[PDB]
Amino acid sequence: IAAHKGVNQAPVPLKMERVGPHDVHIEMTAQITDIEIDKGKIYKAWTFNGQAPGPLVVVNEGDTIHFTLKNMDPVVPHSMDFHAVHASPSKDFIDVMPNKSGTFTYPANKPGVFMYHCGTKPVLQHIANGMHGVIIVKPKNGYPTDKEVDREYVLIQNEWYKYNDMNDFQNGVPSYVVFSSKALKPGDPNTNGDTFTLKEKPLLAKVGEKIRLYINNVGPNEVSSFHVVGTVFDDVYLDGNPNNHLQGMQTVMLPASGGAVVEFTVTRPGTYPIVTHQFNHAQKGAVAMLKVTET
């Protein structure tokens, strides 16, 4: 796209504020931002807020979201689809033109770990170029295992293809498959989907802790066989809904756009890889690390 040549829009922080007991404002941008997806490989991604996947959104069950998208792309329209919400797609997930803003309102009444993404046609193009993310909706009454959890993090799986190449997006294997982490609390890492960051700067834990991960596989195209090396999931909640409670899973199957909450214990000091167990994808980037120490 001629109007994207040389464009590299600096990342913009997510803006969010509560405006009622059951009402939240969220303000995001659509923007064109260079991301290093593999060492030496820059992808001029289509993004929310200059991150790919986009920034984490966390709301409460029963919150109405008043969402504003500011489109900074000079030529391409963009939009937003939150899987958390009940909405009319043809009224509420509509395009925002270049240099314009749009505001849409809709409720999040289901707890869980949901994908969000651009909904502009062709949706494959927009998701593959980087316009994906996660929204977490916290359950009103928690999970039954809350009291057991010592530490939690967010992980997101996505793929990267040949740059802006619809033939590859439709017909080709992924070039890279990658994890990212998004911050839930101050000090947590906040990273983009790349092959290396979470190997060089592992997630941190302490020996004997129960860890919870909020996970989502945003695709665009692949399923994920999510596994943490050296442990067994004690508890799994499919899509993060507390009702969908599995126990003792070695590996969690996630569809494209599929989420879960998973919990496991790290018993011994060391580095624990986190993978999709489709090992072709792992080899192409999808290995993160959890370093577990005595302190």
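Note that residue numbering begins at 1 and tracks the sequence as displayed.
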Avg C-alpha B-factor, entry values, 8 to 16 vs 270 to 278, higher side is 8 to 16
Higher avg CA temperature factor (85 to 93 vs 142 to 150, as deposited) belongs to 142 to 150
Out of 80, 215, 128, 75, whose C-alpha atom has the biggest B factor in the entry?
75
Based on the PDB entry, the highest CA temperature factor among the options 155, 124, 204, 134 is that of 204
Lowest, middle or highest third of the chain for the C-alpha temperature factor of residue 120?
middle
For the chain shown, is the CA B-factor of residue 26 in the lowest, middle or highest third of its modelled residues?
highest
Thinking about Cα B factors across the chain, which third does residue 113 belong to?
lowest
Among all modelled residues of this chain, ranked by Cα B factor, put residue 40 in the bottom, middle or top third, i.e. lowest, middle or highest.
highest
Can you work out whether the C-alpha temperature factor of residue 240 puts it in the lowest, middle or highest third of the chain?
middle
